[PDB]
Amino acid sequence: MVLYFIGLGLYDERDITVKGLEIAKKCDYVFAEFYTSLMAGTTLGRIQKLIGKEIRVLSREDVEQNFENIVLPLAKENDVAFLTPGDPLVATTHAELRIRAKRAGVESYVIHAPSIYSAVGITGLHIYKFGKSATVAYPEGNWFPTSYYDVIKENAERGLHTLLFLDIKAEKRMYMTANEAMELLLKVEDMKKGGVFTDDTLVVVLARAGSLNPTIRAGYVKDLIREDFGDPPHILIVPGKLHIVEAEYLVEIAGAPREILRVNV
């Protein structure tokens, strides 16, 4: 009669919360999805080993179209767990699943876990200064989406930071790198000439957040566009005007050039 939405956290199998683990262990059935994002620092096997349960992976179609047929039925007479990377409900489509549960007469509860949305605080940038978020999508065919560029412009215009999620082909396990994202943005700039993203733009790269050894780098596009930030996942941030304390953290912790202390503050 109960369905638990449980977050797996940022990077590996230990990023789930103690509450999440214990509840998942007591569940009769455990499902999971790995299409909204991936858990780069672990494997399905390692997660299964930790939970001590068989985990049935569901595709986007399984969830978006058949959640009420695959998961909810068992949730009616048993304790069921639905695992997702990060924090449950951050992915725009997950919240709606609770409405499906309600209509099927199933109670649902949410067990949170660290999300990249909050983990970016490790960049030294003030969380309250982050504006609207956006996703950089790979162009393809005659389709060249560029809305994420406008999001940066509107945020930066108001002195706000822009968190950019990078595209991911979950099934194919292909990760968009910060480098590729910078190239795309430069390409978009060259097309809109809005003076939003150029070689002189200051950016921050956060790679493998959640890991004990994440890569935190800050610098101008011209110097970072071809830098190796390590293995994915990568997240790109275009900060707005910086508070001196943010700048000093980027210099001292993220190896940013001293120049930011006078050019971006």
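The numbering used is simple: start at 1 and walk along the sequence shown.
Looking at 92-100 and 172-180 together, the entry lists the larger mean B-factor for 172-180, computed on C-alpha atoms.
Mean CA B-factor, 209-217 versus 222-230: the higher value falls on 222-230. Taking only the listed residues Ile116, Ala134, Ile127, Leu74, the entry reports the highest CA temperature factor at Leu74. Sort the modelled residues of the chain by CA B factor and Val204 lands in the lowest third. Ranked by C-alpha B-factor against the other modelled residues of its chain, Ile6 falls in the lowest third. Among the modelled residues of the chain, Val238 sits in the lowest third by CA temperature factor in this PDB entry. Remark: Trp143 belongs to the highest third of its chain, ranked by C-alpha B-factor as recorded.
For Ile244, the recorded CA temperature factor ranks within the middle third of the chain's modelled residues.
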